[PDB]
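The form deposited in one PDB entry is given below as one chain in structure tokens.
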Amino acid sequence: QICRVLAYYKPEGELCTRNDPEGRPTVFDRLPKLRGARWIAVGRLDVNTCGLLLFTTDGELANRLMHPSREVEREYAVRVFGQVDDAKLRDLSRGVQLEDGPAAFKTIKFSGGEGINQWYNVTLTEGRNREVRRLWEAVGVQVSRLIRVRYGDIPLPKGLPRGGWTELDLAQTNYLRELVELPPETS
């Protein structure tokens, strides 16, 4: 029946599978147990990737959101080990060649500076598995922590803590259905 959407702040170490016969933590463990409907993940995140992951009860909405007809930026807050040479930044912004062909960061802004380890905020328009890690890897830099903070026009909710979820209201939901050319819900 009604289209519900959740915004979840995935912690590192959680699986994206619906269940694990070992009892290992999954992104579905703390979601609200519904009935007569089923949460569906809008895409997936690597086990070691934190941040925004949408869920929705509506299969069509999930389809159109991870398969957009328009190129969508994904923004990540990245913590990297040690200080990064400026030329390495030039490479990442000009492009490198990895296992699945060339790739590049559409944007690289240096964020905070925690001791010797550095923070960068980067964006990309593709979404090949572990692309962000492999990008930094191809330039000789290991990734410490990786948070997804924005998918297109959708950022992590401000209050929302690590491992928590927030339900979108009808207006926010309809905003999503509009960005994807779906008719608006009325209740």
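Numbers follow the displayed sequence, beginning with 1.
Enquirer: Comparing 172 to 180 with 20 to 28, which has the greater mean CA B-factor as deposited?
Expert: Comparing averages over the C-alpha atoms only gives 20 to 28.
Enquirer: Quick check on the record: does 73 to 81 or 104 to 112 carry the larger mean Cα temperature factor?
Expert: Per the PDB record, 104 to 112.
Enquirer: Quick check for you: using the entry's CA B-factors within this chain, is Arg128 in the lowest, middle or highest third?
Expert: It falls in the top third of the chain.
Enquirer: Taking the values exactly as deposited, rank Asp153 by C-alpha B-factor within its chain and report the matching third: lowest, middle or highest.
Expert: According to the entry, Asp153 has a C-alpha B-factor in the chain's highest third.
Enquirer: Split the chain's modelled residues into thirds by Cα B-factor; is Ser144 in the lowest, middle or highest one?
Expert: Middle third, going by the recorded CA B-factors of the chain.
Enquirer: Split the chain's modelled residues into thirds by Cα B-factor; is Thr49 in the lowest, middle or highest one?
Expert: According to the entry, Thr49 has a C-alpha B-factor in the chain's lowest third.
Enquirer: Sorting the chain's CA B-factors, does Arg134 end up in the lowest, middle or highest third?
Expert: For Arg134, the deposited C-alpha B-factor lands in the middle third.
Just so you know, the form deposited in another entry exists too; it's not on screen, but the next bit is about it.
Enquirer: Pin down for me whether the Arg177-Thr125 Cα distance shrinks or grows in the other entry relative to this form (closer or farther, change of 3 Å or more).
Expert: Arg177 and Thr125 sit closer together in the other entry.
Enquirer: Having a change of 3 Å or more in the C-alpha distance between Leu65 and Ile108, I'd like to know whether it is closer or farther in the other entry than in the form here.
Expert: It is closer: the C-alpha separation of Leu65 and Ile108 falls by at least 3 Å in the other entry.
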